[PDB]
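Here's the structure we're looking at; comments come further down.
Any read-out appearing in this document is the output of simple, stated calculations on the displayed coordinates, not a laboratory observation. Cβ atoms come from the backbone with ideal geometry, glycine included; neighbour counts cover every protein chain shown.
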Amino acid sequence: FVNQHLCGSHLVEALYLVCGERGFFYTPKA
Amino acid sequence: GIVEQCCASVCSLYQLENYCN
C-alpha cells in the first residue's frame, strides 16, 4: 500500500498519506 | 509512538492511524 522504512517526521508524511492532512497528531508522553 | 516503530522494519497504516486526531 503506502508502507515504508524511514524514521521521524516521515511518519508524519506517512500519517498524511494514511489518515490525511488537517493538523494531525501525536499522543504519547515522556 | 511511531517515530521508531517504522524506522526499523516495514509498517502498516493501522500503526499510523493510531496517533492521528
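Here are a few things to note about the model shown:
- Of all residue pairs spaced 6 or more apart or on separate chains, those with beta-carbon atoms under 7 Å, a first member in segment B:4-15 that is free of Cβ contacts under 8 Å to residues at least 24 places away in the same chain and surrounded by 10 or more Cβ atoms within 10 Å (Cβ to Cβ) and a second member that is in a loop (DSSP other than H, G, I, E, B) and of a type in the set (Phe, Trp, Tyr) are B:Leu13/A:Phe1.
- Selection from segment A:21-30 of residues that are more than 8 Å from chain B (Cβ to nearest Cβ) and small (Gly, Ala, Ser): A:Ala30
- One residue stands out in segment A:1-16 among those that are within 8 Å of the chain's Cα centre (by Cα) and either in a helix (DSSP H, G or I) or among the acidic types (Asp, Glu) (or both): the one that is nearest to the other protein chains (Cβ to nearest Cβ), namely A:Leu15.
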